[PDB]
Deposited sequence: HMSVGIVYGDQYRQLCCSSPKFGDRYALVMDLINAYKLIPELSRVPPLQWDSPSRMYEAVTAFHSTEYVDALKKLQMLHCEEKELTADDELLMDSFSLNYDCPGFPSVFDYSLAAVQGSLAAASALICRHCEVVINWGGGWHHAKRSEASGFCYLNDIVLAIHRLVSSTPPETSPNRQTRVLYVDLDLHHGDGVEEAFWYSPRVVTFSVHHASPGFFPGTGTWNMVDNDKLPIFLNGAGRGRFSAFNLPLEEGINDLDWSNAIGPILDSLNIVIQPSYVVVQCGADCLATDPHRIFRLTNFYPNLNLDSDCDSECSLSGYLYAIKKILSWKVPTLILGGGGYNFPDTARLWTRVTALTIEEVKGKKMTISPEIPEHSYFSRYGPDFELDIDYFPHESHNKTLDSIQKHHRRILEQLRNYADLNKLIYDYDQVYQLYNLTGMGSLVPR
């Protein structure tokens, strides 16, 4: 089956943040508006039987002082009084400030994503689902003891930790516009979780990594060569983005032979995102996103699909609704007939001006990256005693 994380309390918590507003409700109500929910198995967010078990779950990656500070931040932001100077100091020491402010539900909001993505991974492990989608998860910038980029708790790291502990290998694929630095760093020393991020990188552009450092770093210790990165230039369209990462994806799968794939599918690469770095689409005749997901799904490896960035809420909905239909098609083998106009539903009015499912958009260095990345993959194969034909992979490029 294809699983999808939602629930009534889950939806309220995913829509309680000041930055992402009601995005999750547009997304699930468009998936519902297109009659896709009956095709999907609902996966309920994981809950715990005590504070200690929750704490144990989250501090599998995050420090206990950080988790404590995040909960105290929520408590402070639920009272009238302003933070003391000592409380502002303590929040500063975890970067619980600026781009990661406090708000009345900040802890419950952050934990909800972890609940969602841990349950998603358990559904994969117990083989209840072949694919699970969590459009409320994917917060890849959060670090062990530091929020970043509106990511307070790294649900991806925790879901991946659960998967590899269930020899188990996980391939993480980060399609967000921005470098997936939190997940890469969590597994920097681990060869069993191979991380791969395609992203924009340029001087000054958040978060600064996943590019020349001048060498490309790629893991350390036993995780040497296990962190993959493909920084691309602004303006890239669907076909060039697809061709840039198509052969890398296929060769990673050939060589790593992963037990699970986790795909972060941040929607801020859309041409219509207020970022406007890349020019990808949701078009389905082809959308770089849809091309990448179809390819990963053709592998028939149990796969977690997650959300992430995406600041044009209706176009994120348009995209993720198409990705969700595509998953149903490739997994179940059932054709999905999506109408070209948005169906009438609660959020219909948000889909101005023409109320179509297509977004309103009219559409040397990568070969060096391919040679670099393919050499890293051989170094990874050699370091980890993996068996593969170096000519069947080089054929892909």
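Residues of the deposited sequence with no modelled C-alpha atom fall in the ranges 1-2, 169-177, 225-231, 304-316, 395-402, 437-447.
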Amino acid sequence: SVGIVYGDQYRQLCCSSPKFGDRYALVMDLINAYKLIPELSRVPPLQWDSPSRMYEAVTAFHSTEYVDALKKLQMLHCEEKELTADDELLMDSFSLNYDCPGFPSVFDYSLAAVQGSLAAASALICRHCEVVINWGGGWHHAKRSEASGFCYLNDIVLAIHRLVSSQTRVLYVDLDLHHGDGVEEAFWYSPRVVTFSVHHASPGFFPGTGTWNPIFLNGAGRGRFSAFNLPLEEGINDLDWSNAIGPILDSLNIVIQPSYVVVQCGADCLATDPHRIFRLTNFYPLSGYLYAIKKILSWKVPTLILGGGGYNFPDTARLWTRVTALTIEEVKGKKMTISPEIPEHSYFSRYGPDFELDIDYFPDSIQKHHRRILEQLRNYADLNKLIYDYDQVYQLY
From here on, numbers count along this sequence of modelled residues.
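Modelled in this chain, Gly116 is likewise resolved in all the other entries of the protein that span it on both sides, not missing from even a third of them. Missing-residue comparison: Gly309 falls in the unmodelled set for none of the other PDB entries checked, so it is not missing from a third of them. With 198-206 and 82-90 compared on mean CA B-factor from the PDB entry, the stretch scoring higher is 82-90. Comparing 153-161 with 267-275, the higher mean C-alpha B-factor in the PDB entry belongs to 267-275. The entry assigns its greatest Cα B factor, within the set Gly116, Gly288, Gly221, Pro258, to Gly221. Between the residues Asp354, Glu56, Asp29, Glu39, the entry's highest C-alpha temperature factor is the one at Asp354.
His369: CA B factor in the highest third of modelled residues in this chain (values from the PDB entry). In the PDB entry, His62 places in the lowest third of its chain by CA B-factor.
In the PDB entry, a CA B factor belonging to the lowest third of its chain's modelled residues is recorded for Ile328. The deposited CA B-factor of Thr281 belongs to the middle third of values across its chain. In this PDB entry, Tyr24 carries a Cα temperature factor that places it within the middle third of its chain's modelled residues.
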